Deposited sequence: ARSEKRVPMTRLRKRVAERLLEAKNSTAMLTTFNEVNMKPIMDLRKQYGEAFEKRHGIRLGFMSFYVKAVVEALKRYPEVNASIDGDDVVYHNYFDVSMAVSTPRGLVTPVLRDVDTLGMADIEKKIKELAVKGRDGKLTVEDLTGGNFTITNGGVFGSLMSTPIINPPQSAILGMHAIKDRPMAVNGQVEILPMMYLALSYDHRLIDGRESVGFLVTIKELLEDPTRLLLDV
């Protein structure tokens, strides 16, 4: 079963394979109600735009929530080096962005110290650098966690693959209007499925689930974040 063959993206192939072969990868899912964030963004957005020059989007809220969650689950921010578990005192988050040569993992450094606008600007900066092929190796080295968004592609739900030597990875998805049960009443809300794939050798059930629940919580009450 072979009609045309092109010679080899073989290294990455090895990385992905070993990624899946060297870790006990599992996925835990959940859903978040984007209504609140969308409201904030509706009322404070234009103001934020002018007073900060950058536009207020969702990504900043995710990164902020993720940082908060990381601070409560150090194992998730940790890494496993052959017989040792390396914990991290810093918060560097790899952010998957798409380039014509595939996705790239630009690292957002010390995001715990960045404010909303700063994160919004840097994310932009990296997005453009990726488009122009100006992304430096410095920008692509590091990161304790990864936030990947397939919602841009229309993805409903999926199983993200861990990017070694990281322990977990969070996958954002498409925001769809969904009939939901709020107060024994059914109301349509802009729901989104979160998918966290984690290396079970380090992170366990209660923790991955806790981590994800935390994100859902903070995101459903932005005030308690922003």
Numbering from 1, run down the deposited sequence and write out every stretch that has no C-alpha in the structure.
1, 10 to 12, 231 to 233
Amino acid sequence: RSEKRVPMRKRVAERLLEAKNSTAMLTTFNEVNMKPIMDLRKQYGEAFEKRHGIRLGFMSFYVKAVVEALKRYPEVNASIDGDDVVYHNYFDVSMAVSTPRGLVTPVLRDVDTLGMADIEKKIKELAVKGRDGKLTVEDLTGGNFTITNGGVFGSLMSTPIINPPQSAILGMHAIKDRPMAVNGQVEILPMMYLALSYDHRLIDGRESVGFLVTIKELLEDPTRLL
From here on, numbers count along this sequence of modelled residues.
Comparing 127 to 135 with 151 to 159, the one whose average Cα B-factor in the PDB entry is higher:
127 to 135
Mean C-alpha B-factor higher for 35 to 43, or for 50 to 58?
50 to 58
Against its chain's modelled residues, does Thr105's Cα B factor rank lowest, middle or highest third?
highest
Taking the values exactly as deposited, rank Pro164 by C-alpha B-factor within its chain and report the matching third: lowest, middle or highest.
highest
Can you tell me which third, lowest, middle or highest, the CA B-factor of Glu217 falls into for its chain?
lowest
So, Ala13's CA B-factor, relative to its chain, sits in which third? The highest
Select lowest, middle or highest to describe the third in which the CA B-factor of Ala19 falls within its chain in this entry.
highest
